[PDB]
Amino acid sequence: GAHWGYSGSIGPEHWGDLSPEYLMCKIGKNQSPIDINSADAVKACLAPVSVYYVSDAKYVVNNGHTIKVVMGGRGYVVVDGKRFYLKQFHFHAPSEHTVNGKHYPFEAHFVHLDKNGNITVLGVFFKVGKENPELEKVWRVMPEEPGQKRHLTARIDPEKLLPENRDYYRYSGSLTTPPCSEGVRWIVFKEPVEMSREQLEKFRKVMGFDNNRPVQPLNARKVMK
């Protein structure tokens, strides 16, 4: 795939024109992220998303578009009665999803694959408040330059990054970076978690730019709540 970014000639509005591989950015009708209007969402009998994570975080990488924690892939969540294995988690500032037209300052994405390669992403909003103890373990060894990897000696428990309340919005969408492939299950937790002002500012300093894709039209979709 061709080089892409968050501004200039290779920014989100141009992604669909950068490569034939990125065509869904241009033609897709089921794209992510979205604004979640809570009144427009349909109240629904959604199943609990059960979490069976393990502490198998291997390293943290700065890949030039996010900070990503890479996992061994043994932990999983249960969605639609199937195991989706946690491969990695990573971060955006400001939030990619909005709620009633408003951003949160930060959003984490936990990226899972089932045995057939189907993708489920769990989304967690963060607000500025108390220092997040689990996040601090990652932040302490944040790779400051693109291309850098840092081994984790501290034991990261990814379950501790999720909100205590597990209510969520669900919809069918896409990856938020090229090639923006569709057929992705989105589980967006309603309750935000806290990070310190200092934690937010370090991420923003290291990144050096905002890394959220603009919200995309719902089209025929409904969000369930």
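Start at 1 with the first residue shown and count on from there.
- Look at the mean CA B-factor for 57-65 and for 167-175 in the entry; the higher one is 57-65.
- Set 124-132 against 145-153 and average the Cα temperature factors; 145-153 ends up higher.
- Per the deposited coordinates, the residue with the largest Cα temperature factor out of 208, 214, 11, 217 is 11.
- Among all modelled residues in this chain, the alpha-carbon of residue 198 has a temperature factor (C-alpha) in the highest third.
- Per-chain ranking of the deposited C-alpha B factor places residue 115 in the middle third.
- Among all modelled residues in this chain, the alpha-carbon of residue 82 has a temperature factor (C-alpha) in the middle third.
- The entry lists a Cα temperature factor for residue 188 that places it in the lowest third of the chain's modelled residues.
- Among the modelled residues of its chain, residue 140 has a C-alpha B-factor that falls in the highest third according to the deposited record.
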